[PDB]
Amino acid sequence: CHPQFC
Amino acid sequence: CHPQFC
Amino acid sequence: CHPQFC
Amino acid sequence: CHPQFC
Amino acid sequence: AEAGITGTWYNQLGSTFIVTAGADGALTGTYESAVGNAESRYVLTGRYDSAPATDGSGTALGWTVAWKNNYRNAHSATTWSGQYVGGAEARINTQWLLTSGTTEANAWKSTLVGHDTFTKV
Amino acid sequence: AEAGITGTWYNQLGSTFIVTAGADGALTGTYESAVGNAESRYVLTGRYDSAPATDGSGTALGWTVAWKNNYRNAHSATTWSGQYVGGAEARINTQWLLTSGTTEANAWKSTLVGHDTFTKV
Amino acid sequence: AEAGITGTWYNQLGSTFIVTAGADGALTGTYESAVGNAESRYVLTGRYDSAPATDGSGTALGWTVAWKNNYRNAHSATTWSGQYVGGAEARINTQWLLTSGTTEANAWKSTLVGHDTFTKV
Amino acid sequence: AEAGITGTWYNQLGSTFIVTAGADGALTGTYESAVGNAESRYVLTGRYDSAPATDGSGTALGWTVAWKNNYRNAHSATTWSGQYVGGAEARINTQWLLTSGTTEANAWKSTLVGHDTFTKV
């Protein structure tokens, strides 16, 4: 998952 | 306006 | 023309 | 790698 | 998918697109603009993944429409890339690219990017 | 255009695409990946503007390739949107969108954007 | 705009972004990912049009976030380009590009494209 | 990177952009259009990955420019997303999004997508 999302 | 829309 | 270019 | 490339 | 793609789809603006998904991945149909007059219809051709994953993944697809028909020639083409998600409320979520033919000096402003969501309703 | 589009095109990476532009705007052909082995070939379908402007504008076109064939199924599709510019050194300049089928949670990472320039050489 | 941009915005996924629009076009703030834990916060900087048209046009803006902070380094950056529309239900509609640092061989898969709509609610 | 980013960059069209990459990820500078007259200069702000991977990966970055200054207000903003690759011939390869403020009816044509490669030469 990527920080932009999580 | 362009056909994609109108 | 737009500043990004001219 | 993906077919678009390989 | 396939059976699930075939049909009429509408986007948040009214545009209607009717496609036939064929056994082997072909997508063929027409795209009609708002108003819905006899021929604001353009031809579309595309391809989809006919053997998509059996997990809850969407079905990748894309199609192209050249904005030329017997009444209008807008000298441009749009490609939509996206995936079909089936179910109670199936939808095709897309991102599109619209490129107009320009001279080499105006190429910079040749392509518009946007997104469209199509539903059966 | 039309006659001028028909043929083999190569992009900066080696990928080869062979298309037939038909009288009425259809684009049909195959796309082959690097290596160039028997079947790294996929089917492509698209449309172009068959009555482009007579001024020095390019010819708008786009096509789609679903990355599924009899040896590989990458569960994705790519659409290329762009224009053909003819002349001594003709080329098709494009921007593409590659979408992979994902689950609704991974949709955010489903589409890659890039660009490709194809030449006859 | 300006006064109207300053504040907290939320997108359809929960991500929260807090910006200060300055007199002269600067945009500064933080972006926080879902969960909303102490530091899933990243710094954002952008610019907007501080003298937008007086007709009902939106206010063009964009910002960047590098996904590096004191707990995480995702080696990537996202830029959001869009416009602010004020009113009862103001919103910023954007298209974003997320690029990850790759080696020259993987550059093709370096950029993802998507869209986000942010509301104050 | 950082030290390597700081400096003047030129794109295939002449546009010059001068940036200062700061210790902590900030990118600040000006963008100048062709002609190179006193003020075809606009302010740019962005962020980069200041702790990029030690393998041969590029450095992710992005910046924004609002096309408003003391002589011109084009009511638009452009964001560039990309990566810096250093070396003998360093370059920043980008994809950009240019959005113009429009009315809600013309939003569809609000964003142009393109790409730019910048070199120090």
# chains A, B, ... in the order shown; residues from 1 in each chain; ligands from 1
$ closest_atom_pairs --of "chain B" --to "chain E" --cutoff "6 Å" --atoms "only C-alpha atoms" --output "Markdown table"
| residue | atom | partner | partner_atom | distance |
| --- | --- | --- | --- | --- |
| B:3 | CA | E:33 | CA | 5.9 |
| B:4 | CA | E:33 | CA | 5.8 |
| B:5 | CA | E:33 | CA | 5.5 |
| B:6 | CA | E:34 | CA | 4.8 |
$ atom_distance --atom1 "atom CA of residue F:64" --atom2 "atom CA of residue E:19"
14.9 Å
$ interface_residues --of "chain H" --to "chain E" --cutoff "12 Å" --atoms "only C-alpha atoms" --output "list in words"
residues 12, 13, 95, 96, 97, 98, 99, 100, 105, 106, 107, 108, 109, 110, 111, 112, 113, 114, 115 and 116 of chain H
$ write_last_selection --atoms "N, CA, C and O atoms" --output "short mmCIF file (atom, residue, chain, number, x, y, z; two decimals), in the first residue's frame"
data_model
loop_
_atom_site.label_atom_id
_atom_site.label_comp_id
_atom_site.auth_asym_id
_atom_site.auth_seq_id
_atom_site.Cartn_x
_atom_site.Cartn_y
_atom_site.Cartn_z
N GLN H 12 13.61 20.56 -24.19
CA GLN H 12 13.73 20.57 -25.68
C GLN H 12 13.20 21.86 -26.36
O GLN H 12 13.48 22.08 -27.52
N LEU H 13 12.46 22.69 -25.67
CA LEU H 13 11.91 23.95 -26.28
C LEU H 13 12.66 25.21 -25.87
O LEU H 13 12.39 26.26 -26.41
N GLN H 95 6.45 14.24 -16.66
CA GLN H 95 5.14 14.15 -17.32
C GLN H 95 4.57 15.37 -16.56
O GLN H 95 4.87 15.63 -15.42
N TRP H 96 3.77 16.11 -17.24
CA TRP H 96 3.14 17.30 -16.65
C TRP H 96 1.64 17.30 -16.93
O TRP H 96 1.13 16.63 -17.80
N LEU H 97 1.00 18.07 -16.14
CA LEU H 97 -0.47 18.25 -16.23
C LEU H 97 -0.62 19.76 -16.18
O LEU H 97 -0.07 20.35 -15.27
N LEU H 98 -1.35 20.32 -17.10
CA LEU H 98 -1.59 21.79 -17.15
C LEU H 98 -3.11 21.96 -17.02
O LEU H 98 -3.89 21.52 -17.85
N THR H 99 -3.57 22.56 -16.00
CA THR H 99 -5.04 22.74 -15.83
C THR H 99 -5.38 24.22 -15.91
O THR H 99 -4.69 25.05 -15.33
N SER H 100 -6.41 24.57 -16.60
CA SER H 100 -6.81 26.00 -16.72
C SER H 100 -8.09 26.13 -15.89
O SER H 100 -8.83 25.17 -15.79
N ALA H 105 -18.97 23.89 -16.94
CA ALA H 105 -19.41 23.31 -18.24
C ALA H 105 -18.21 22.99 -19.07
O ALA H 105 -18.25 22.08 -19.87
N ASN H 106 -17.15 23.73 -18.89
CA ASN H 106 -15.92 23.45 -19.71
C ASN H 106 -14.89 22.69 -18.94
O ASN H 106 -13.78 22.55 -19.40
N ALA H 107 -15.22 22.21 -17.80
CA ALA H 107 -14.20 21.45 -17.04
C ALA H 107 -13.58 20.32 -17.86
O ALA H 107 -12.39 20.12 -17.77
N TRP H 108 -14.38 19.61 -18.62
CA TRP H 108 -13.82 18.49 -19.45
C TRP H 108 -12.52 18.81 -20.20
O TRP H 108 -11.68 17.93 -20.30
N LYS H 109 -12.39 20.02 -20.70
CA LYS H 109 -11.18 20.51 -21.47
C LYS H 109 -10.27 21.30 -20.55
O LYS H 109 -9.49 22.13 -21.01
N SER H 110 -10.33 21.04 -19.28
CA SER H 110 -9.45 21.85 -18.42
C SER H 110 -8.02 21.41 -18.27
O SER H 110 -7.20 22.28 -18.03
N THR H 111 -7.76 20.15 -18.42
CA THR H 111 -6.38 19.63 -18.25
C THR H 111 -5.64 19.01 -19.45
O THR H 111 -6.14 18.08 -20.04
N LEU H 112 -4.48 19.53 -19.74
CA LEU H 112 -3.67 19.01 -20.87
C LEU H 112 -2.58 18.17 -20.20
O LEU H 112 -2.11 18.50 -19.12
N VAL H 113 -2.19 17.14 -20.85
CA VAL H 113 -1.12 16.25 -20.31
C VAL H 113 0.01 16.28 -21.43
O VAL H 113 -0.23 16.39 -22.62
N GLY H 114 1.23 16.20 -20.98
CA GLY H 114 2.41 16.21 -21.88
C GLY H 114 3.57 15.67 -21.11
O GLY H 114 3.42 15.16 -20.02
N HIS H 115 4.73 15.78 -21.68
CA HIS H 115 5.95 15.29 -21.01
C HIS H 115 7.08 16.24 -21.37
O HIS H 115 6.99 16.90 -22.40
N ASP H 116 8.08 16.31 -20.54
CA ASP H 116 9.27 17.19 -20.77
C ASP H 116 10.49 16.51 -20.24
O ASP H 116 10.37 15.81 -19.26
#
$ select_by_dssp --residues "chain G" --states "helix (DSSP H, G or I)" --output "ChimeraX atom specification"
/G:2-4,107-109
$ write_last_selection --atoms "C-alpha atoms" --output "short mmCIF file (atom, residue, chain, number, x, y, z; two decimals), in the first residue's frame"
data_model
loop_
_atom_site.label_atom_id
_atom_site.label_comp_id
_atom_site.auth_asym_id
_atom_site.auth_seq_id
_atom_site.Cartn_x
_atom_site.Cartn_y
_atom_site.Cartn_z
CA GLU G 2 -7.21 32.25 -1.28
CA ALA G 3 -9.35 32.63 1.84
CA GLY G 4 -11.60 29.94 0.28
CA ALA G 107 11.16 3.90 -15.94
CA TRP G 108 8.17 2.81 -18.10
CA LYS G 109 6.22 1.86 -14.87
#
$ atom_distance --atom1 "atom CA of residue E:51" --atom2 "atom CA of residue E:26"
12.5 Å
$ calpha_fit_and_write --fixed "chain G" --moving "chain E" --output "PDB file with C-alpha atoms, in the first residue's frame"
ATOM      1  CA  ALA E   1     -10.290  31.498  -3.625  1.00  0.00           C
ATOM      2  CA  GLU E   2      -7.209  32.247  -1.280  1.00  0.00           C
ATOM      3  CA  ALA E   3      -9.353  32.632   1.840  1.00  0.00           C
ATOM      4  CA  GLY E   4     -11.597  29.942   0.275  1.00  0.00           C
ATOM      5  CA  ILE E   5      -8.739  27.468  -0.219  1.00  0.00           C
ATOM      6  CA  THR E   6      -7.193  27.755   3.201  1.00  0.00           C
ATOM      7  CA  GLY E   7      -8.475  24.905   5.406  1.00  0.00           C
ATOM      8  CA  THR E   8      -8.907  21.181   5.604  1.00  0.00           C
ATOM      9  CA  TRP E   9      -9.977  19.136   2.590  1.00  0.00           C
ATOM     10  CA  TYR E  10     -10.863  15.497   2.477  1.00  0.00           C
ATOM     11  CA  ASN E  11     -10.962  13.190  -0.547  1.00  0.00           C
ATOM     12  CA  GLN E  12     -13.271  10.238  -1.141  1.00  0.00           C
ATOM     13  CA  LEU E  13     -10.725   7.992   0.743  1.00  0.00           C
ATOM     14  CA  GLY E  14     -10.256   9.939   3.988  1.00  0.00           C
ATOM     15  CA  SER E  15      -6.897  11.531   3.131  1.00  0.00           C
ATOM     16  CA  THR E  16      -6.846  14.960   4.710  1.00  0.00           C
ATOM     17  CA  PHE E  17      -4.844  17.866   3.424  1.00  0.00           C
ATOM     18  CA  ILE E  18      -4.564  21.153   5.238  1.00  0.00           C
ATOM     19  CA  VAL E  19      -3.363  24.181   3.228  1.00  0.00           C
ATOM     20  CA  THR E  20      -2.778  27.842   3.696  1.00  0.00           C
ATOM     21  CA  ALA E  21      -3.140  29.787   0.458  1.00  0.00           C
ATOM     22  CA  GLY E  22      -1.041  32.928   0.681  1.00  0.00           C
ATOM     23  CA  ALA E  23      -1.708  36.340  -0.747  1.00  0.00           C
ATOM     24  CA  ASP E  24       0.803  35.813  -3.486  1.00  0.00           C
ATOM     25  CA  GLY E  25      -0.085  32.346  -4.785  1.00  0.00           C
ATOM     26  CA  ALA E  26       1.787  30.060  -2.399  1.00  0.00           C
ATOM     27  CA  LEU E  27       0.140  26.858  -1.079  1.00  0.00           C
ATOM     28  CA  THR E  28       1.732  25.208   2.000  1.00  0.00           C
ATOM     29  CA  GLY E  29       0.356  22.469   4.229  1.00  0.00           C
ATOM     30  CA  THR E  30       0.471  18.798   5.100  1.00  0.00           C
ATOM     31  CA  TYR E  31      -1.179  15.754   3.605  1.00  0.00           C
ATOM     32  CA  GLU E  32      -2.166  12.943   5.955  1.00  0.00           C
ATOM     33  CA  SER E  33      -2.971   9.404   4.796  1.00  0.00           C
ATOM     34  CA  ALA E  34      -5.816   7.205   6.108  1.00  0.00           C
ATOM     35  CA  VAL E  35      -5.596   6.052   9.766  1.00  0.00           C
ATOM     36  CA  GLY E  36      -4.737   9.654  10.657  1.00  0.00           C
ATOM     37  CA  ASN E  37      -1.913   8.635  12.961  1.00  0.00           C
ATOM     38  CA  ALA E  38       0.506  11.258  14.291  1.00  0.00           C
ATOM     39  CA  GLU E  39       2.673  11.026  11.209  1.00  0.00           C
ATOM     40  CA  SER E  40       1.306   9.644   8.034  1.00  0.00           C
ATOM     41  CA  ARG E  41       1.752  13.510   7.508  1.00  0.00           C
ATOM     42  CA  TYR E  42       3.917  14.706   4.657  1.00  0.00           C
ATOM     43  CA  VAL E  43       4.677  18.338   3.634  1.00  0.00           C
ATOM     44  CA  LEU E  44       3.019  19.847   0.585  1.00  0.00           C
ATOM     45  CA  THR E  45       3.882  22.982  -1.317  1.00  0.00           C
ATOM     46  CA  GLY E  46       2.058  24.336  -4.393  1.00  0.00           C
ATOM     47  CA  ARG E  47       0.870  27.476  -6.108  1.00  0.00           C
ATOM     48  CA  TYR E  48      -2.543  28.703  -7.158  1.00  0.00           C
ATOM     49  CA  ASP E  49      -3.827  31.631  -9.374  1.00  0.00           C
ATOM     50  CA  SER E  50      -4.352  34.483  -6.906  1.00  0.00           C
ATOM     51  CA  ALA E  51      -6.130  36.737  -9.396  1.00  0.00           C
ATOM     52  CA  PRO E  52      -8.558  34.237 -10.982  1.00  0.00           C
ATOM     53  CA  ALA E  53     -11.265  35.311 -13.453  1.00  0.00           C
ATOM     54  CA  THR E  54     -14.326  37.092 -12.034  1.00  0.00           C
ATOM     55  CA  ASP E  55     -16.631  34.978 -14.158  1.00  0.00           C
ATOM     56  CA  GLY E  56     -17.688  31.578 -12.791  1.00  0.00           C
ATOM     57  CA  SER E  57     -14.361  29.953 -13.592  1.00  0.00           C
ATOM     58  CA  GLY E  58     -12.481  27.778 -11.141  1.00  0.00           C
ATOM     59  CA  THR E  59      -9.124  28.671  -9.618  1.00  0.00           C
ATOM     60  CA  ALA E  60      -6.224  26.693 -11.098  1.00  0.00           C
ATOM     61  CA  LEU E  61      -3.764  25.254  -8.624  1.00  0.00           C
ATOM     62  CA  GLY E  62      -1.399  22.293  -8.057  1.00  0.00           C
ATOM     63  CA  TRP E  63       0.865  21.072  -5.264  1.00  0.00           C
ATOM     64  CA  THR E  64       3.434  18.442  -4.705  1.00  0.00           C
ATOM     65  CA  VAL E  65       4.047  15.943  -1.905  1.00  0.00           C
ATOM     66  CA  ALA E  66       7.303  13.843  -1.749  1.00  0.00           C
ATOM     67  CA  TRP E  67       6.525  10.680   0.244  1.00  0.00           C
ATOM     68  CA  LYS E  68       9.319  11.018   2.666  1.00  0.00           C
ATOM     69  CA  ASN E  69       8.971  12.026   6.270  1.00  0.00           C
ATOM     70  CA  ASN E  70      10.618  10.801   9.621  1.00  0.00           C
ATOM     71  CA  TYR E  71       8.982   7.409   9.553  1.00  0.00           C
ATOM     72  CA  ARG E  72       8.576   6.522   5.992  1.00  0.00           C
ATOM     73  CA  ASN E  73      10.376   7.034   2.702  1.00  0.00           C
ATOM     74  CA  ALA E  74       8.351   5.653  -0.183  1.00  0.00           C
ATOM     75  CA  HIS E  75      10.813   7.135  -2.781  1.00  0.00           C
ATOM     76  CA  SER E  76       8.109   8.814  -4.815  1.00  0.00           C
ATOM     77  CA  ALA E  77       6.294  12.112  -5.282  1.00  0.00           C
ATOM     78  CA  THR E  78       2.770  12.985  -6.377  1.00  0.00           C
ATOM     79  CA  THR E  79       1.645  16.220  -7.982  1.00  0.00           C
ATOM     80  CA  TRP E  80      -2.058  17.119  -8.087  1.00  0.00           C
ATOM     81  CA  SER E  81      -3.195  19.622 -10.817  1.00  0.00           C
ATOM     82  CA  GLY E  82      -6.695  21.007 -10.695  1.00  0.00           C
ATOM     83  CA  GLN E  83      -9.005  23.823  -9.821  1.00  0.00           C
ATOM     84  CA  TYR E  84     -10.856  25.055  -6.827  1.00  0.00           C
ATOM     85  CA  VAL E  85     -14.559  25.803  -7.224  1.00  0.00           C
ATOM     86  CA  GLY E  86     -16.045  27.675  -4.267  1.00  0.00           C
ATOM     87  CA  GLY E  87     -19.651  28.018  -3.165  1.00  0.00           C
ATOM     88  CA  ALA E  88     -22.024  26.220  -0.836  1.00  0.00           C
ATOM     89  CA  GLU E  89     -20.204  23.021  -1.734  1.00  0.00           C
ATOM     90  CA  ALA E  90     -16.742  24.008  -2.687  1.00  0.00           C
ATOM     91  CA  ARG E  91     -14.387  21.402  -4.022  1.00  0.00           C
ATOM     92  CA  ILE E  92     -11.036  21.006  -5.660  1.00  0.00           C
ATOM     93  CA  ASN E  93     -11.172  18.544  -8.585  1.00  0.00           C
ATOM     94  CA  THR E  94      -7.786  17.159  -9.493  1.00  0.00           C
ATOM     95  CA  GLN E  95      -5.882  14.797 -11.609  1.00  0.00           C
ATOM     96  CA  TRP E  96      -2.628  13.594 -10.077  1.00  0.00           C
ATOM     97  CA  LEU E  97       0.550  11.977 -11.249  1.00  0.00           C
ATOM     98  CA  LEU E  98       2.527   9.753  -8.837  1.00  0.00           C
ATOM     99  CA  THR E  99       6.080   8.972  -9.970  1.00  0.00           C
ATOM    100  CA  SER E 100       8.379   6.543  -8.144  1.00  0.00           C
ATOM    101  CA  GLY E 101      12.173   6.687  -8.551  1.00  0.00           C
ATOM    102  CA  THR E 102      13.111   3.674 -10.724  1.00  0.00           C
ATOM    103  CA  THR E 103      16.135   2.412 -12.487  1.00  0.00           C
ATOM    104  CA  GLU E 104      16.286   3.361 -16.248  1.00  0.00           C
ATOM    105  CA  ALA E 105      14.998  -0.070 -17.134  1.00  0.00           C
ATOM    106  CA  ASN E 106      11.855   0.323 -15.051  1.00  0.00           C
ATOM    107  CA  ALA E 107      11.156   3.904 -15.937  1.00  0.00           C
ATOM    108  CA  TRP E 108       8.172   2.814 -18.097  1.00  0.00           C
ATOM    109  CA  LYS E 109       6.218   1.864 -14.873  1.00  0.00           C
ATOM    110  CA  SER E 110       7.305   4.911 -12.963  1.00  0.00           C
ATOM    111  CA  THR E 111       4.213   7.090 -13.178  1.00  0.00           C
ATOM    112  CA  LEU E 112       0.623   6.352 -12.098  1.00  0.00           C
ATOM    113  CA  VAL E 113      -2.164   8.744 -13.072  1.00  0.00           C
ATOM    114  CA  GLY E 114      -5.468   9.128 -11.116  1.00  0.00           C
ATOM    115  CA  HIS E 115      -7.895  11.790 -10.025  1.00  0.00           C
ATOM    116  CA  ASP E 116      -9.147  13.090  -6.646  1.00  0.00           C
ATOM    117  CA  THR E 117     -11.974  15.343  -5.592  1.00  0.00           C
ATOM    118  CA  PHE E 118     -11.594  17.071  -2.267  1.00  0.00           C
ATOM    119  CA  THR E 119     -14.504  18.615  -0.244  1.00  0.00           C
ATOM    120  CA  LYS E 120     -14.430  20.531   3.132  1.00  0.00           C
ATOM    121  CA  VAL E 121     -16.804  17.957   4.552  1.00  0.00           C
TER     122      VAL E 121
END
$ select_by_dssp --residues "stretch 28-68 of chain E" --states "strand (DSSP E)" --output "tab-separated table (two decimals) with N, CA, C and O atoms, in the first residue's frame"
chain	number	residue	atom	x	y	z
E	28	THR	N	-16.72	-3.63	-29.89
E	28	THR	CA	-17.18	-2.85	-31.09
E	28	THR	C	-18.46	-2.16	-30.67
E	28	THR	O	-19.16	-2.80	-29.88
E	29	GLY	N	-18.74	-0.98	-31.16
E	29	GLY	CA	-19.98	-0.33	-30.75
E	29	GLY	C	-20.02	1.10	-31.24
E	29	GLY	O	-19.26	1.45	-32.14
E	30	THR	N	-20.87	1.90	-30.68
E	30	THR	CA	-20.98	3.30	-31.08
E	30	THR	C	-20.99	4.09	-29.81
E	30	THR	O	-21.30	3.54	-28.76
E	31	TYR	N	-20.66	5.33	-29.94
E	31	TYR	CA	-20.61	6.28	-28.79
E	31	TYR	C	-21.53	7.34	-29.27
E	31	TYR	O	-21.41	7.70	-30.41
E	32	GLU	N	-22.40	7.84	-28.43
E	32	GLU	CA	-23.36	8.90	-28.85
E	32	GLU	C	-23.15	9.99	-27.84
E	32	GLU	O	-23.02	9.68	-26.66
E	41	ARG	N	-23.45	9.92	-33.26
E	41	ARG	CA	-22.94	8.55	-33.07
E	41	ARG	C	-21.63	8.50	-33.86
E	41	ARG	O	-21.53	9.02	-34.95
E	42	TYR	N	-20.70	7.86	-33.23
E	42	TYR	CA	-19.34	7.65	-33.76
E	42	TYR	C	-19.06	6.16	-33.54
E	42	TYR	O	-19.65	5.54	-32.69
E	43	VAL	N	-18.16	5.58	-34.27
E	43	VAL	CA	-17.82	4.13	-34.14
E	43	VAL	C	-16.72	3.94	-33.10
E	43	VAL	O	-15.83	4.78	-33.03
E	44	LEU	N	-16.79	2.89	-32.35
E	44	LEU	CA	-15.74	2.65	-31.35
E	44	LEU	C	-15.30	1.20	-31.55
E	44	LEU	O	-16.09	0.35	-31.94
E	45	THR	N	-14.05	1.00	-31.28
E	45	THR	CA	-13.43	-0.33	-31.40
E	45	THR	C	-12.45	-0.39	-30.20
E	45	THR	O	-11.86	0.65	-29.88
E	46	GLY	N	-12.30	-1.53	-29.59
E	46	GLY	CA	-11.40	-1.67	-28.44
E	46	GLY	C	-11.13	-3.13	-28.21
E	46	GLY	O	-11.48	-4.00	-29.01
E	47	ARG	N	-10.52	-3.40	-27.12
E	47	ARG	CA	-10.18	-4.81	-26.75
E	47	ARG	C	-10.32	-4.91	-25.25
E	47	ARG	O	-10.18	-3.90	-24.57
E	48	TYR	N	-10.56	-6.07	-24.76
E	48	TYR	CA	-10.68	-6.23	-23.29
E	48	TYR	C	-9.90	-7.52	-23.02
E	48	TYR	O	-9.85	-8.40	-23.87
E	59	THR	N	-11.81	-6.13	-14.95
E	59	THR	CA	-11.45	-6.58	-16.32
E	59	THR	C	-10.91	-5.39	-17.07
E	59	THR	O	-11.67	-4.49	-17.33
E	60	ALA	N	-9.65	-5.41	-17.40
E	60	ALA	CA	-8.98	-4.32	-18.14
E	60	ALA	C	-9.48	-4.24	-19.54
E	60	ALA	O	-9.65	-5.31	-20.09
E	61	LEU	N	-9.70	-3.04	-20.02
E	61	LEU	CA	-10.18	-2.82	-21.39
E	61	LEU	C	-9.83	-1.38	-21.83
E	61	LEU	O	-9.33	-0.57	-21.07
E	62	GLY	N	-10.09	-1.07	-23.06
E	62	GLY	CA	-9.84	0.28	-23.62
E	62	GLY	C	-10.49	0.24	-24.99
E	62	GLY	O	-10.68	-0.85	-25.51
E	63	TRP	N	-10.80	1.39	-25.51
E	63	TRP	CA	-11.40	1.53	-26.84
E	63	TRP	C	-11.02	2.89	-27.31
E	63	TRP	O	-10.56	3.71	-26.54
E	64	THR	N	-11.23	3.08	-28.57
E	64	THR	CA	-10.94	4.32	-29.26
E	64	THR	C	-12.14	4.79	-30.08
E	64	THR	O	-12.89	3.97	-30.60
E	65	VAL	N	-12.28	6.08	-30.17
E	65	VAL	CA	-13.35	6.73	-30.96
E	65	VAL	C	-12.61	7.88	-31.70
E	65	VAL	O	-11.89	8.63	-31.06
E	66	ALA	N	-12.78	8.00	-32.99
E	66	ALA	CA	-12.18	9.05	-33.84
E	66	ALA	C	-13.46	9.90	-34.01
E	66	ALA	O	-14.51	9.39	-34.38
E	67	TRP	N	-13.35	11.16	-33.80
E	67	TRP	CA	-14.54	12.05	-33.90
E	67	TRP	C	-14.83	12.55	-35.31
E	67	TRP	O	-14.81	13.73	-35.65
E	68	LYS	N	-15.09	11.56	-36.11
E	68	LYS	CA	-15.42	11.81	-37.50
E	68	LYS	C	-16.56	10.91	-37.82
E	68	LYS	O	-16.52	9.75	-37.45
